[PDB]
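Participant:
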Ligand SMILES: OC[C@H]1O[C@H](O)[C@@H](O)[C@@H](O)[C@@H]1O
Ligand SMILES: OC[C@H]1O[C@H](O)[C@@H](O)[C@@H](O)[C@@H]1O
Ligand SMILES: OC[C@H]1O[C@H](O)[C@@H](O)[C@@H](O)[C@@H]1O
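Protein chains in written order, with the authors' numbering: chain Z, 6 to 365; chain T, 6 to 365; chain G, 6 to 365; chain S, 1 to 247; chain Y, 1 to 247; chain F, 1 to 247.
Following this line, the structure appears as structure tokens:
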């Protein structure tokens, strides 16, 4: 039993199966890539020009379309049957084509959702999240992770297919692949929800879409208590609300003493003033301001609310979810071929309209 | 087959069934509302004053108590048999009463937890959370959401009941409603836990309930290094701890140079001082202070700890959970009628006691 | 039927069974603790020096190793059979030894992961988390919680064992103990993941391990717009980018007026300058700075990135997870007796190497 | 107070009284009733704040099978009117005084509605007598009369409270000492525990307690709003029901 | 532009064109291609920023069974070259103009690759004729020739764009009005919805919608990074599959 | 040092030594022993800080079936005494020197307790000889004597360390170079991994790894405390067990 493929020949076959595409056609899909992958085995088996070489080369000139990554098991099975047919065994010429057709369909049907729609979107999304800051860590991450996964999958699956021969059908089977498909679908749905929430920004701030600003209060925001000729005071214990309807407060200077003893607001001794009108903030006034901002008080006298604030108070990603479901309905009902480009143009026009209207 | 109710008559019947209550009694519960709902159908069927009209009016003067929202299927089924009995069919007079009694019980038992104890608490809680800021979005949200759900449910369920007739019992059945009940109970338990955590505030700060304040450290909080005659310096590399037990540091002015080279603390060259005693904070001292506060350092020389701080360090909502379980045990042991009001008065007295004791 | 043990005798028996260890041997494990626990029962039953006392004392001088906490059911069962053998019942002498051996194994096998590896690590981790700040709440928490659980378990399980006699085997059996073990293992794995993430700090800041700092931008960080001779301005509406490639901006002074009208950057009217070079920050400049820091802008002109920052951007706890799995592989492959100490020495040497290399 | 404000308040109180028995448009809930009454008498923010504060207490205030609830309708209407009459809306006075007053007025409304729904028996007997003649008009009129009486049950006390002079009610409300008001405000953060606890007690099982504790544990994640937590509960229930129905 | 930069850009465009059919080393993805083109022509941060922005759109751009995708390769290469020619990288111009141009060039590349993969039928027929003679060299040469033609399909337009003077392209790119540029920037935050929505439409079931909504609800927890959410999704899937396989 | 502090430390060390074999009141755990020793000798915060730092290492230090653990008792007691003697508690010196010293003293205590638990065989044989006479007093006294010997096993080294002059131990502790101390401090954040890994190795399965990874992923949510995560783990386990028991 001569003509035994070595490890180096199998590695070369894998590196050539890296070129499974390139001669991609519409009537005989992805057929030359298989031959280019299995060229070294045929070269080792039969010399060029022979009738055996003619038959071997013509055998693999049939339609063969599969997800490129999950084809290494097919290549390994083909290498095994090529070794068997080069060792004087009876396996019929159509058996290799039959097994190739058999594992062409289901393997691709599993490969497309797992690789193109689950692994690639996740890796690319992580890479883009890293790339938002313009850092080289992101292309490095994408290239290294994706290529490590691809090389490992190709090499180990080709080795498994070559070792197992036609028996790999008894290992793949049904139900086994459906668990992977369902798990990948669960992970993809979760990640797609996360991506829709985090990466669809439709901020509605604008110069319109601003709800009326509420004067707030007289101390609910960051500010000091200015009195007539400067100086910063603090509200003391109430001495008793007057019958008119205004409470009288103690005005303690920022030393512990007491002075003034008037009413709180404009006409009284002191009134609340935000940081804008403050001058010479040096001293303990900065400490008080820092304490106030650490408490959580805003710096604006009027609480300005936008449409984005209302939407966020409802739930962040409200408009993103509405847009997602609208686009989903449009895609499910249109059933066209150029519909995605039309929807993209539509949202570009929608963004133009929103910007010119002052909403977004 | 004349006497066919139109869409407008059914819409009027639904809008009248909106008044299913109002004539609410204790011995014949909620009986006039059904007649007021089905008046238009009887008016279209039989003219007033006839014996047929008298019998029809007396038929629907029996006890009928159900959750008001889940009664549109009953009204639709009643409309169906009213059409049948007005088309010369031999449905027995007691059949309508029998079917009404049949769907009186289970429908109410399912609708009571779903609507009054699951949907209403959730919508009201969301409305109150939005209303905490005094914004009109909250009453609008409550009214719009609740009424949209109610109108849609009433109209669609009445249409389904009218279309299905007595066959709606084969559609409701058992087990089907238990799934909705269990899902609503799960959602309600989750939301009630969230509400208890977020909306039971028993803050134990007080003037009392303050644990002793630790002097902290000499740089663990926000502050600068003041050296006698003004200026702000930075600690440098240690030159070697002295045998007495005090380490010597390098005092760098905020330019890169070296001045002083003494020991750290009071008697030395410089000592740590918080923002209160700082004057003329202008310059890079503000940048250093902002960096410190961005790090997370507090502004107080003494780390003041409250009882609320201890409880939060254990777990937020500790006292809320304890009160929840105490109230639950009281409720399941008392088995009274005015117990809730007594517990509310007791909690008001407890709050008074806590406030007068300086705890809360 | 005389010789009935009282509640006080049982409480004394439990407090003595607290001393189940102390006379711990290698050939007859934990044998004297059982006798010290059951001494009062034998004293109440038989007077010292009798042949009955001799046989009773020699009976419980055999090997007996169990988890100390789950031994109270064994002690209660032993008390039950001791009462029976002191009331003229024909229970064979070896029955007590047989039942003790029977519940020696499974009870210890269940209690070892539940108590030593699930309850104790969790309580100790919570105590250490509270103790990070040097607060007495942590030792108090550990002592009170652990001892409350221990006393309750011991007393109630001893009472249950005494009440049930040898029938406790029909209650423990199998299955339910596996459910408890699986739940405890789930909780322990979750808590161990949390602890590994939160309490393995390998911060790689260093003087080395600093990635090159990017100049950032001209306004992406906290700073003001300084123009030659003091004053702070704001960028206005663009008047139209010049053909050279520099946009012209309006320089609005912090009052609303327009001055200068030059280009943005160094040679122009104004340039961006961080808080370090600012002097006399008093006024609305502090308000602008506080707004900027509330937005989220950093205070450094150059964005400095560490290796720890990159690892955190990937996922926090990356190095901790890698170390955890490396140590797990080492422990699974070495199969030595002093391996943990060697690994700990290796981690200390690794920390020394990282510190001297400037990485960690 | 403006006359148009008086008519608006009377109409809103009538609507709340009708809805207290109708339980359909929820004009009787504090979030609606207090906000509407604040809208009528100028200041709206205080009305919405009080309505939101009182709605948490009003949770679990449904009536089932001849077990009439504490009647949030009269509580909301009377508390809103009393707050409006006293020109102070500091949100400390709202929790200190307006909420205990709302609870007391809720008990009063419960007893009043008990009386009215007992009195409706005679109206229904009259409607039956009319139906004995085979006339739709008589039974419709009697039903509408009972509905009008139930609405008047809350319309009338609102008018009585409005008749009280502003000076006297302000003096009575201001006479409350500061310490007791602060203590009642402190207890106002606890009184919602009872309202939550009845709902918990109605639906609680060994199977459903873990979901309560899960919701309690996940609550401190302030980045998730109440609608977010509602969707989270719905999806958790869906996943649990799917996994349970697999077996 | 530097000559060495020109050769580097040509090789990178050739690699992207090769990978557009190969789909193995992912040199055609914007995150790789745009970053490489930015690296070649000096400024690299702008290239990585554009690649990250365009990768969200390029998600769900896989081709299955003779259904060629919008061809992210030419889009990435041409958009990167166009940005490089116009010396402005403000990240507002990147979203406003470079991304719509990338979409249009993606459509153009789709039609170009459709033409090339149709034209490859003759090359494959020639390879079959060579294999009729039993020669490995002939079939390998024809396969490599078709692969080279597919690479040239994107190499040539890159050279054509590079031949365009910098002044003319800068003038054309600047002439776009400010308001339309800002509107397109606003719509650039929307256009990723279509890319996400096709992937959602491919895999979606009543059983899997709860997971989508759970991921949506848990997203605002910014303390969890994308890799953290990936591990969370994996463990959630594992637990769900275990509990489902129990029954 | 004060004399009363000396007797307090002696009794605390005796209690820790007794509990090292008793394992009931957990006086031997660092969180208890170090805190008590800090209480006796003035400064308490440093003792509790050391106890908390050392308890993470002491996790997974249980002894099962004649496999004696690293004996946290002597480690805690001796490390606390050594820190007390050296008047420096900067929390960098605590992690740098006191924790490696605690590990070494843990090994020493393990060998010492191995010797004592081997020596107890003769005591138990004497107790058996006494029980041959049917006397409860003899066996009780021999059990108490073995317990006293085990307590003395850790009481005696504490007294020996206390006898060492303060100046000599301070000089020996200060002589450690700065760089090695900082490196040991760095490794102190790693050394907890070893104990965590033993605990994981004792209990780990393909079914339980997803829960470990879920806990790892959810940990960055700092709003949930350790008790919150404990309750979360309990409810997760309860839900998982319910759904598993459905099938
Ligand atoms: O699945 C069919 C297969 O067809 C072609 O080879 C490529 O588009 C692949 O990405 C795809 O998976
Ligand atoms: O369930 C019985 C039913 O009785 C009355 O009609 C009302 O209180 C309803 O809210 C309740 O649901
Ligand atoms: O499990 C056997 C048992 O042996 C000894 O008593 C101690 O080490 C216990 O901690 C252990 O549990």
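We treat Cβ as the ideally placed atom computed from N, Cα and C, and that holds for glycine.
For the pair the segment 151-167 of chain F and the segment 127-137 of chain F, tell me if three or more CB-CB distances fall below 8 Å.
Facilitator: no
Participant: Less than 8 Å between CB atoms is the rule here; does residue 228 of chain F satisfy it with respect to chain S?
Facilitator: At a cut-off of 8 Å between beta-carbon atoms, residue 228 of chain F makes contact with chain S.
Participant: Helix, strand or coil for residue 311 of chain Z, going by three-state DSSP, please let me know.
Facilitator: strand
Participant: Can you tell me which of the three DSSP states residue 231 of chain T falls into?
Facilitator: Secondary structure at residue 231 of chain T: strand, using DSSP grouped into helix, strand and coil.
Participant: Jot down the residue ranges of each uninterrupted beta strand (DSSP E) in the segment 279-327 of chain Z, minimum 3 residues, whole runs only, in chain order.
Facilitator: With a minimum length of 3 residues, the continuous beta strand (DSSP E) runs that stay inside the segment 279-327 of chain Z are 308-311.
Participant: Cβ atoms of residue 88 of chain T and residue 64 of chain T: under 8 Å apart, would you say?
Facilitator: no
Participant: Helix, strand or coil: which one does DSSP assign to residue 212 of chain Z?
Facilitator: coil
Participant: With distances taken between CB atoms, is the gap from residue 56 of chain F to residue 196 of chain G smaller than 8 Å?
Facilitator: Residue 196 of chain G sits away from residue 56 of chain F, with the two beta carbons spaced by 8 Å or more.
Participant: Under 7 Å Cβ-Cβ, which residues of chain G neighbour residue 38 of chain Y?
Facilitator: Neighbours of residue 38 of chain Y on chain G: none; closest Cβ ~15 Å, over 7 Å.
Participant: Interface residues of chain Z around residue 285 of chain T at Cβ under 7 Å?
Facilitator: 287
Participant: Please confirm whether any heavy atom of ligand 1 lies closer than 7 Å to the CB of residue 117 of chain Z.
Facilitator: yes
Participant: Of the residues S:237, S:48 and S:5, which one's Cα is nearest the Cα of residue 146 of chain T?
Facilitator: In terms of CA proximity to residue 146 of chain T, S:48 leads the group S:237, S:48 and S:5.
Participant: Give the C-beta separation of residue 33 of chain S and residue 77 of chain S to the nearest angstrom, bearing in mind that I take them to be a contact with Cβ-Cβ under 8 Å.
Facilitator: 6 Å
Participant: Hey, how far is the Cα of residue 10 of chain Z from the Cα of residue 126 of chain G?
Facilitator: 56 Å
Participant: Would you report the Cα separation of residue 240 of chain G and residue 233 of chain G, rounded to the nearest angstrom?
Facilitator: 15 Å
Participant: Which one of F:178, F:193, F:101 and F:66 has the shortest CA to CA distance from residue 335 of chain G?
Facilitator: F:193
Participant: List the residues of chain F that residue 299 of chain T touches, going by C-beta distances under 8 Å, in chain order.
Facilitator: Within 8 Å Cβ-Cβ: nothing; residue 299 of chain T doesn't reach chain F, min ~17 Å.
Participant: So, for residue 201 of chain Z: in the same chain, excluding its five sequence neighbours on each side, which residues have a beta-carbon less than 6 Å away from its beta-carbon?
Facilitator: Here the set comprises 325 and 329.
Participant: Give me, in chain order, the residues of the same chain whose beta-carbon lies closer than 8 Å to that of residue 358 of chain T; leave out the 5 immediate sequence neighbours on both sides.
Facilitator: none
Participant: The beta strand (DSSP E) with residue 257 of chain G in it runs from where to where?
Facilitator: 256-258
Participant: Comparing the CB of residue 113 of chain G with every heavy atom of ligand 3, is any distance shorter than 7 Å?
Facilitator: yes
Participant: Any Cβ of chain T within less than 8 Å of the Cβ of residue 218 of chain Z?
Facilitator: With 8 Å as the cut-off, residue 218 of chain Z does not count as an interface residue toward chain T.
Participant: Which residue or residues does DSSP assign as beta-bridge partners of residue 18 of chain Z?
Facilitator: Looking at the DSSP assignment, residue 18 of chain Z forms no beta bridge with any residue, so it has no partner.
Participant: I think residue 120 of chain Z touches residue 74 of chain Z, with their Cβ atoms under 8 Å apart; what is that distance to the nearest whole Å?
Facilitator: 5 Å
Participant: For the beta strand (DSSP E) that contains residue 240 of chain Z, what are its first and last residues?
Facilitator: Note, residue 240 of chain Z: beta strand (DSSP E), 237-240.
Participant: Sort out for me which residues DSSP pairs residue 253 of chain G with in a bridge.
Facilitator: G:268
Participant: At a cut-off of 7 Å, is residue 72 of chain T close to ligand 2 when judged by its beta-carbon and the heavy atoms of the ligand?
Facilitator: yes
Participant: Please classify residue 78 of chain T: does DSSP put it in a helix, a strand, or coil?
Facilitator: It is helical.
Participant: Return yes when at least one heavy atom of ligand 3 lies under 7 Å from the C-beta of residue 189 of chain G, else no.
Facilitator: no
Participant: Report yes or no: do the segment 183-201 of chain S and the segment 156-173 of chain T share at least 3 C-beta pairs separated by less than 8 Å?
Facilitator: no
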